[PDB]
Each structure stands twice: as C-alpha cells, then as structure tokens.
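Below you'll find only one chain, the form deposited in one PDB entry, shown as structure tokens.
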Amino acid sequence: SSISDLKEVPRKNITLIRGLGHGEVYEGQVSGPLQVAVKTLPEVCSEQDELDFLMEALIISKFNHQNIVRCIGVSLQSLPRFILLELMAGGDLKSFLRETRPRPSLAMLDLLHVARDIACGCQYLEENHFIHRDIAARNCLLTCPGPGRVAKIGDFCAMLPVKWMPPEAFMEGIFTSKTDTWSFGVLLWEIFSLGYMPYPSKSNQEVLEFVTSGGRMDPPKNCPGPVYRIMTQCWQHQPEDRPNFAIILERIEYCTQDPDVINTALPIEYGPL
C-alpha cells in the first residue's frame, strides 16, 4: 500500500457539518455532493501519532468488502489532517440496539442479519490476515435504521476491553485470528441482549477471574439455543477449539433457516421495572 493509493481531496472541497464522536469524528461534505464521515488528527501530536494516522488510512484503504467501512479518501496535506470514510447514517450498533428495543420494531431475523453481516466482514479480515482486536457492538456501524440496513466493521492494566478478550489475550498478550472469534462471541451476546453490557454486574477483575476459571455468560433473555451455541463455541478456552469465521457464518446462516429461531419473539421491557 503506497501513499499513491490514497485519494487526496483538496481541503477547499471539504466541509464539516456536525460532530459525531466525543482525534474526533465529524459528518462532512465533499463537492466535486458526497456525504462523508471525517476522522481528524489533532494538530498537536507525536511523530508516532502521524505514522499511526497514515497507517490507518493505508490499511483501511486497501480493504474492499461490503461489510467493512470504506475509506473514501484522505486530506493529509492540510492541517488538521483528515481521513474520509463513507457516512454510515444508522450510527453505531450499540446505540441502535438500545434505542430500538421493543416497547409496548426488531425481530430475530434482523438481529441474525446484523450478525451475518459482521461475521462476513470478519471472515474477510481473517482471509487477509488482519487482526482487529476490538470486535464489539460499539465498533459496528449501520448504513441506515430501516429494514434494508447493512452492518459494517469500524474502529473508534485497566484499559483493556477485558470483557471482549479471550484468556490468552488478557493473561498472555497473545493475538491471532482466534482472538476476534472470542470477541465475536461477546458481540453476538451484545446483539441478542439488545445492547446490554456483557457480564452485567461484574467488574473487569471479576470477569478476568470468572473467565480464566471457565465461567461464561448465560444466554440473553429469550435467546434461541442454536444462537447461544455459536457464542459458547466462540468462547472455547483453547484457541484451536474455536471455529473460524467460515464455520461461524455457516452456523449463523443455518440459524436463519430455522423457523423455531426466526419466529422467536424478542423480550419487551416494562418501563416501570
């Protein structure tokens, strides 16, 4: 991947409309009128921050897949520097699951399609030997809120997302393609719980101890068995025993053909608790 590959958009053509993410993220506009999301590099930054920014642009730009957020161009010759991505109007998946919970909206088939979309994106990353390292609902994005939505993969010690990591990751600092399989399991759980925090009432240390000694989340409310089985297969203790993403995709697709899965009602939350 050469800088030659990055499409430089002259700064005059770029307009920031509103902020999106608390570098920073904005919705913007490119005139030749194109709708984009913009990632900025802070003007005050390291020499290594500059390398990272370039590197992210280089890596995102070489990916060509329907379920990975596309880099549409860059603006690196003006300050502050921009990486331009396709605007995903539906927002992040976690917010979406939370805002669209049924009240007295979403069916199983809708959740399964998001799951398939992300599994399909993860398979492509595995095929190109890229380790994401933070597959999670907060990092997935939707093209729109409606029935035709497509989910895509993005990316925005007591810092590590322990609740999404396999034991060898947080104990041993080992990352491989089977890392993202574990994280995908936890994502599945986030999807089928309709956006709850994993390990509901546990702290990071409690999760570490719980998971290192064989503990696993219970299925989300009304979660069908075959979907839970995919989760528990993603959470096999040893990396070798976890399925790759071709197998996961196949299993999600078979779930999607099972009437007993797709006819299952989602739980409805009673406001007064």
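Quick note: we count residues from 1 along the sequence shown, nothing fancier. We call the rigid core the largest set of C-alpha positions that still match within 1.5 Å between the two forms.
When the other compared entries with both flanking residues are checked, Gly214 is modelled in all of them, not unmodelled in a third.
Looking at the other PDB entries for this protein, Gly32 is absent from the model in a third or more of those that include the residues around it. According to the record, 10 or more deposited residues between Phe156 and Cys157 are left without atomic coordinates.
In the deposited entry, the stretch joining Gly214 to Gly215 is continuous, with no residue of the deposited sequence left without coordinates.
On average the C-alpha atoms of 69-77 have higher B-factors than those of the other stretch, with 183-191 and 69-77 being the two compared. Note on 130-138 vs 196-204: mean CA B-factor is higher in 196-204.
As recorded in the PDB entry, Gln48 shows the highest C-alpha B-factor of the residues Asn244, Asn222, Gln48, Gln238. Comparing the C-alpha B-factors of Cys234, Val227, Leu41, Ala37 in the entry, the top value falls on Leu41. In the PDB entry, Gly90 places in the middle third of its chain by CA B-factor. Annotation for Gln123: CA B-factor lies in the lowest third of the chain's modelled residues.
Among the modelled residues of the chain, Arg103 sits in the highest third by CA temperature factor in this PDB entry. The deposited CA B-factor of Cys144 belongs to the highest third of values across its chain. In the deposited entry, the Cα temperature factor of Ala151 sits in the bottom third of values across the chain's modelled residues.
Heads up, the form deposited in another entry isn't pictured, but that's what we're talking about next.
Relative to the superposed core, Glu206 undergoes a C-alpha shift smaller than 2 Å between the shown form and the other one.
Core-aligned CA deviation for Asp218 between the shown form and the other one: less than 2 Å. With the core held fixed, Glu240 shows a CA shift below 2 Å between the shown form and the other one.
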